[PDB]
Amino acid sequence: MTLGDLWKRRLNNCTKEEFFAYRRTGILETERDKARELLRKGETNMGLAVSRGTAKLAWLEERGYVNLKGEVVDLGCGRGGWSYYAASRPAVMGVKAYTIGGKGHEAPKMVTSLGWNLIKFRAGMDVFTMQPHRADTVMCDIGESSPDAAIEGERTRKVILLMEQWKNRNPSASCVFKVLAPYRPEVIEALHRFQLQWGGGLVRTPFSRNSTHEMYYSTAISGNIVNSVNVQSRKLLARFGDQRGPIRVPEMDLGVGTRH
(Lines of atoms letter the chains of each structure in order from A and count residues from 1; the text may use other names and numbers.)
(Lines give C-alpha, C1' and ligand atoms only; values in the text may rest on other atoms or scores of the structure.)
Protein backbone atom coordinates (compact mmCIF):
# COMPACT_ATOMS: atom_id res chain seq x y z
CA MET A 1 0.00 0.00 0.00
CA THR A 2 1.26 3.47 -0.93
CA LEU A 3 1.15 6.79 0.85
CA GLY A 4 -1.45 7.90 -1.68
CA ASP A 5 -3.58 4.83 -0.91
CA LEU A 6 -3.49 6.01 2.71
CA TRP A 7 -4.43 9.55 1.66
CA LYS A 8 -7.47 8.21 -0.22
CA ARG A 9 -8.67 6.25 2.82
CA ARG A 10 -8.17 9.28 5.08
CA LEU A 11 -10.12 11.41 2.62
CA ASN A 12 -12.99 8.93 2.55
CA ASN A 13 -12.99 8.94 6.38
CA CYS A 14 -13.59 12.70 6.66
CA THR A 15 -16.78 14.09 8.17
CA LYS A 16 -18.66 16.38 5.80
CA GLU A 17 -17.37 19.45 7.66
CA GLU A 18 -13.81 18.12 7.40
CA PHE A 19 -14.37 17.40 3.72
CA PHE A 20 -15.69 20.91 2.99
CA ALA A 21 -12.77 22.47 4.86
CA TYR A 22 -10.19 20.27 3.08
CA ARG A 23 -11.18 20.04 -0.58
CA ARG A 24 -10.28 23.62 -1.59
CA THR A 25 -7.77 24.85 1.01
CA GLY A 26 -4.73 26.49 -0.54
CA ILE A 27 -5.70 25.80 -4.17
CA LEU A 28 -6.00 28.24 -7.07
CA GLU A 29 -9.57 28.67 -8.29
CA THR A 30 -10.68 30.76 -11.23
CA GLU A 31 -13.52 33.25 -10.78
CA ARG A 32 -16.33 31.77 -12.88
CA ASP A 33 -19.19 34.08 -11.78
CA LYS A 34 -19.63 35.59 -15.25
CA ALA A 35 -18.61 32.57 -17.36
CA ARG A 36 -20.97 30.17 -15.56
CA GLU A 37 -24.07 32.27 -16.26
CA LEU A 38 -23.10 33.15 -19.84
CA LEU A 39 -22.90 29.40 -20.49
CA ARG A 40 -26.20 28.73 -18.71
CA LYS A 41 -28.09 31.39 -20.70
CA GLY A 42 -26.67 29.97 -23.96
CA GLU A 43 -24.41 32.85 -24.96
CA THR A 44 -22.07 31.82 -27.76
CA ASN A 45 -20.05 35.02 -28.34
CA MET A 46 -17.64 34.63 -25.46
CA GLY A 47 -13.98 33.84 -24.94
CA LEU A 48 -14.16 33.14 -21.21
CA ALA A 49 -13.19 29.56 -20.44
CA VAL A 50 -16.01 27.04 -20.89
CA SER A 51 -14.61 24.94 -18.02
CA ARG A 52 -11.95 24.94 -15.32
CA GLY A 53 -9.71 22.86 -17.61
CA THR A 54 -8.64 25.81 -19.75
CA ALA A 55 -6.63 27.45 -16.97
CA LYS A 56 -4.98 24.13 -16.09
CA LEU A 57 -3.69 23.54 -19.61
CA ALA A 58 -2.68 27.20 -19.86
CA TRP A 59 -0.63 26.81 -16.69
CA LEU A 60 1.12 23.71 -18.08
CA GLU A 61 2.00 25.51 -21.31
CA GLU A 62 3.15 28.72 -19.59
CA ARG A 63 5.38 26.66 -17.30
CA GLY A 64 6.81 25.07 -20.45
CA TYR A 65 5.62 21.61 -19.40
CA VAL A 66 3.64 20.87 -22.59
CA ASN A 67 4.25 21.42 -26.30
CA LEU A 68 0.99 22.28 -28.13
CA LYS A 69 1.55 22.42 -31.88
CA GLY A 70 0.37 21.25 -35.27
CA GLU A 71 -2.65 18.98 -35.60
CA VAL A 72 -3.99 18.47 -32.06
CA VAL A 73 -6.31 15.68 -30.94
CA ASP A 74 -8.34 16.15 -27.73
CA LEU A 75 -9.45 12.75 -26.42
CA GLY A 76 -12.41 13.10 -24.06
CA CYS A 77 -12.88 16.78 -24.64
CA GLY A 78 -16.00 17.17 -22.45
CA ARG A 79 -17.13 20.79 -22.56
CA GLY A 80 -14.03 21.54 -24.60
CA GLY A 81 -11.85 23.70 -22.32
CA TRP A 82 -8.62 22.16 -23.62
CA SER A 83 -9.78 22.25 -27.24
CA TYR A 84 -10.58 25.97 -27.09
CA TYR A 85 -7.26 26.63 -25.39
CA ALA A 86 -5.33 24.71 -28.05
CA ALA A 87 -7.30 26.34 -30.87
CA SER A 88 -6.25 29.82 -29.65
CA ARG A 89 -2.50 28.96 -29.80
CA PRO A 90 -0.66 30.25 -32.90
CA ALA A 91 1.43 27.09 -33.26
CA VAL A 92 -1.75 24.95 -33.45
CA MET A 93 -3.22 24.37 -36.91
CA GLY A 94 -6.32 22.34 -36.06
CA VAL A 95 -8.00 20.42 -33.27
CA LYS A 96 -9.95 17.19 -33.58
CA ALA A 97 -11.94 16.82 -30.36
CA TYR A 98 -13.82 13.66 -29.32
CA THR A 99 -16.13 12.97 -26.39
CA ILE A 100 -18.76 10.40 -25.46
CA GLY A 101 -21.51 12.74 -24.32
CA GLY A 102 -24.87 11.32 -23.33
CA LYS A 103 -26.43 10.82 -19.91
CA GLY A 104 -24.26 12.13 -17.10
CA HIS A 105 -21.39 13.23 -19.38
CA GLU A 106 -20.61 16.72 -20.65
CA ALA A 107 -21.20 17.65 -24.27
CA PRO A 108 -19.05 20.28 -25.99
CA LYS A 109 -20.00 23.88 -25.23
CA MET A 110 -20.27 25.74 -28.55
CA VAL A 111 -18.74 29.25 -28.41
CA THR A 112 -16.76 31.60 -30.69
CA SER A 113 -13.61 31.52 -28.56
CA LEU A 114 -10.57 32.47 -30.64
CA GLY A 115 -9.83 29.78 -33.21
CA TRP A 116 -13.13 27.91 -32.73
CA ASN A 117 -13.39 27.43 -36.49
CA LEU A 118 -10.26 25.23 -36.36
CA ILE A 119 -11.96 22.71 -34.04
CA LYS A 120 -13.94 19.72 -35.27
CA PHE A 121 -16.01 18.50 -32.30
CA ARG A 122 -17.40 14.96 -32.44
CA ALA A 123 -19.67 13.93 -29.58
CA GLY A 124 -21.04 10.42 -29.20
CA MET A 125 -17.52 8.98 -29.69
CA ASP A 126 -15.81 6.45 -27.42
CA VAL A 127 -12.09 7.12 -27.71
CA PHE A 128 -11.16 3.79 -26.09
CA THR A 129 -12.45 1.87 -29.15
CA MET A 130 -11.68 4.50 -31.80
CA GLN A 131 -8.83 3.84 -34.20
CA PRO A 132 -5.95 6.32 -33.74
CA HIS A 133 -5.01 8.62 -36.60
CA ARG A 134 -2.37 11.21 -37.42
CA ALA A 135 -1.63 13.81 -34.77
CA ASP A 136 1.25 16.09 -33.80
CA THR A 137 -0.08 16.64 -30.25
CA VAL A 138 -2.29 14.21 -28.30
CA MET A 139 -4.23 15.51 -25.27
CA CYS A 140 -6.44 13.45 -22.95
CA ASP A 141 -8.12 14.81 -19.80
CA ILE A 142 -10.09 11.64 -18.98
CA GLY A 143 -10.50 10.30 -15.48
CA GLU A 144 -13.65 10.41 -13.41
CA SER A 145 -13.14 10.41 -9.64
CA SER A 146 -14.52 7.54 -7.60
CA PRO A 147 -14.51 6.91 -3.84
CA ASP A 148 -13.25 3.45 -4.81
CA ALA A 149 -9.49 3.66 -5.42
CA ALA A 150 -9.45 0.40 -7.40
CA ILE A 151 -11.95 1.92 -9.83
CA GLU A 152 -9.85 5.11 -10.13
CA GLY A 153 -6.85 2.89 -10.84
CA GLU A 154 -8.67 0.95 -13.56
CA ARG A 155 -9.90 4.19 -15.21
CA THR A 156 -6.32 5.52 -15.11
CA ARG A 157 -4.86 2.36 -16.64
CA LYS A 158 -7.30 2.62 -19.56
CA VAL A 159 -6.10 6.15 -20.29
CA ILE A 160 -2.44 5.08 -20.27
CA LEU A 161 -3.24 2.22 -22.65
CA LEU A 162 -5.06 4.65 -24.92
CA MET A 163 -2.02 6.92 -24.98
CA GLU A 164 0.22 3.95 -25.86
CA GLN A 165 -2.03 3.27 -28.85
CA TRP A 166 -1.88 6.87 -30.05
CA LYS A 167 1.91 6.89 -29.59
CA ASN A 168 2.21 3.67 -31.59
CA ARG A 169 0.44 5.49 -34.45
CA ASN A 170 2.34 8.78 -33.81
CA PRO A 171 5.72 7.95 -32.25
CA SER A 172 6.86 11.57 -32.49
CA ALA A 173 3.71 13.14 -30.99
CA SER A 174 3.80 15.44 -28.01
CA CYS A 175 1.46 13.99 -25.34
CA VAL A 176 -0.25 15.38 -22.30
CA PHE A 177 -2.74 13.33 -20.32
CA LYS A 178 -4.45 13.18 -16.96
CA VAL A 179 -3.32 10.47 -14.57
CA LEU A 180 -6.28 10.28 -12.21
CA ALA A 181 -4.80 7.90 -9.59
CA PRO A 182 -1.00 7.89 -9.88
CA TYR A 183 -0.82 6.57 -6.31
CA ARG A 184 -1.98 3.08 -7.41
CA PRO A 185 0.82 0.48 -7.87
CA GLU A 186 -0.64 -0.80 -11.14
CA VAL A 187 -0.75 2.75 -12.53
CA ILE A 188 2.87 3.41 -11.51
CA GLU A 189 3.90 0.25 -13.37
CA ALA A 190 2.02 1.17 -16.55
CA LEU A 191 3.39 4.73 -16.32
CA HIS A 192 6.97 3.51 -15.87
CA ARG A 193 6.68 1.43 -19.05
CA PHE A 194 5.30 4.46 -20.91
CA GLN A 195 8.23 6.52 -19.65
CA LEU A 196 10.83 3.95 -20.71
CA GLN A 197 9.56 4.06 -24.32
CA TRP A 198 8.47 7.70 -24.75
CA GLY A 199 10.09 9.82 -22.04
CA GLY A 200 8.08 12.25 -19.96
CA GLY A 201 7.12 12.79 -16.36
CA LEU A 202 4.38 13.91 -14.02
CA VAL A 203 3.37 17.30 -12.63
CA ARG A 204 0.66 18.58 -10.29
CA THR A 205 -1.28 21.73 -11.31
CA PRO A 206 -2.22 24.27 -8.60
CA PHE A 207 -5.86 24.29 -9.73
CA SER A 208 -6.48 20.65 -8.80
CA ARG A 209 -8.59 20.25 -5.64
CA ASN A 210 -7.12 18.47 -2.62
CA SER A 211 -9.89 15.88 -2.95
CA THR A 212 -8.18 14.41 -6.03
CA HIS A 213 -4.69 12.99 -6.54
CA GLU A 214 -4.75 13.76 -10.27
CA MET A 215 -1.44 14.57 -11.92
CA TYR A 216 -0.62 15.31 -15.54
CA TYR A 217 1.86 13.35 -17.63
CA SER A 218 3.69 15.12 -20.43
CA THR A 219 6.36 13.96 -22.84
CA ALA A 220 7.96 17.42 -22.54
CA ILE A 221 9.20 16.95 -18.94
CA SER A 222 11.20 14.33 -17.02
CA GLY A 223 11.47 13.01 -13.48
CA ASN A 224 11.33 9.87 -11.37
CA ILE A 225 7.70 8.80 -11.26
CA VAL A 226 7.65 7.25 -7.79
CA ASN A 227 9.29 10.35 -6.29
CA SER A 228 6.83 12.70 -8.04
CA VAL A 229 3.81 10.80 -6.74
CA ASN A 230 5.17 10.51 -3.17
CA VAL A 231 5.97 14.22 -2.98
CA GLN A 232 2.40 14.94 -4.01
CA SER A 233 0.91 12.47 -1.53
CA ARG A 234 2.87 14.16 1.30
CA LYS A 235 1.63 17.58 0.22
CA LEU A 236 -1.99 16.34 0.18
CA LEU A 237 -1.64 14.82 3.66
CA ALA A 238 -0.02 18.01 4.97
CA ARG A 239 -3.13 20.00 4.03
CA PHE A 240 -5.51 18.13 6.36
CA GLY A 241 -6.30 20.65 9.08
CA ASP A 242 -5.34 23.73 7.03
CA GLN A 243 -7.80 26.57 7.55
CA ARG A 244 -6.80 28.75 4.58
CA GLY A 245 -9.33 28.78 1.78
CA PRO A 246 -8.83 28.90 -1.97
CA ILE A 247 -6.87 31.61 -3.74
CA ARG A 248 -9.18 33.31 -6.26
CA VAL A 249 -7.75 34.28 -9.66
CA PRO A 250 -9.31 35.68 -12.84
CA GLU A 251 -10.75 33.24 -15.35
CA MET A 252 -8.99 32.86 -18.69
CA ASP A 253 -10.46 34.98 -21.49
CA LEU A 254 -9.16 33.87 -24.87
CA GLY A 255 -11.05 36.52 -26.84
CA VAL A 256 -13.31 35.69 -29.77
CA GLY A 257 -12.97 35.30 -33.52
CA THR A 258 -11.75 33.02 -36.24
CA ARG A 259 -8.23 32.02 -37.16
CA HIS A 260 -7.28 31.55 -40.81
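Heads up, when I say rigid core I mean the largest set of C-alphas that superpose within 1.5 Å between the two forms. Residues carry their position along the shown sequence, with the first being 1.
Item to complete: May I ask which stretch, 247-255 or 11-19, sits farther from the shown form in 8 other deposited structures of this protein once every structure is superposed on the core, judging by RMS CA distance?
Response: Evaluated in 8 other deposited structures of this protein, the stretch farther from the shown form is 11-19.
Fill in: Between stretches 178-186 and 97-105, more displaced by Cα RMS in 8 other deposited structures of this protein (rigid core superposition)
Larger mean C-alpha displacement, comparing 178-186 and 97-105 in 8 other deposited structures of this protein, is found in 97-105.
Worksheet item: Which wins on mean Cα temperature factor, 189-197 or 66-74?
Response: If you average the C-alpha B-factors of 189-197 and of 66-74, the larger mean comes out for 189-197.
Worksheet entry | Per the entry, higher mean C-alpha B factor between 103-111 and 86-94 | The recorded data point to 103-111.
Fill in: Residue with highest C-alpha B-factor in the PDB entry, from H213, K41, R52, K235
Answer, based on the entry's C-alpha B-factors: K41.
Discussion item. Taking only the Cα B-factors deposited for this chain, tell me whether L60 sits in the lowest, middle or highest third.
Written reply: Answer is lowest: the recorded C-alpha B-factor places it there.
Fill in: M130 - which third its CA temperature factor falls in, relative to the rest of the chain
For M130, the deposited C-alpha B-factor lands in the highest third.
Fill in: Third of chain Cα B-factors occupied by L48
Middle third by C-alpha B-factor.
Item to complete: Comparing against every modelled residue in the chain, figure out the third that the C-alpha B-factor of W116 lands in (lowest, middle or highest).
Response: As the PDB entry reports it, the C-alpha B-factor of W116 lands in the lowest third of its chain.
Practice prompt. Select lowest, middle or highest to describe the third in which the CA B-factor of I225 falls within its chain in this entry.
Written response: Answer is middle: the recorded C-alpha B-factor places it there.
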